[PDB]
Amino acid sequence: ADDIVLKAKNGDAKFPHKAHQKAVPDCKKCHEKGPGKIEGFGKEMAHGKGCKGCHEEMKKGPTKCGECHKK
């Protein structure tokens, strides 16, 4: 399947799966979650544990605005 881009108004936020499959061998961090995760994602999640928060916790991945968001 293809990578997806989240259409944030301030700039497209791409999600490259291959890098994540490699750097996050604990697949259950994102997969096999209960229901609601598709409906639940948004800016709050993205800037929290959904994206940015994991990068901070794992000490790796983009944590600056212009690193995730790109027009």
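Sequential numbering from 1, following the sequence displayed.
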property: Residue stretch of maximal mean CA temperature factor, 12-20 vs 51-59; result: 51-59
property: Chain-relative CA temperature factor third for residue 46; result: lowest
property: Lowest, middle or highest third - CA B-factor, residue 31; result: lowest
property: Third of chain Cα B-factors occupied by residue 1; result: highest
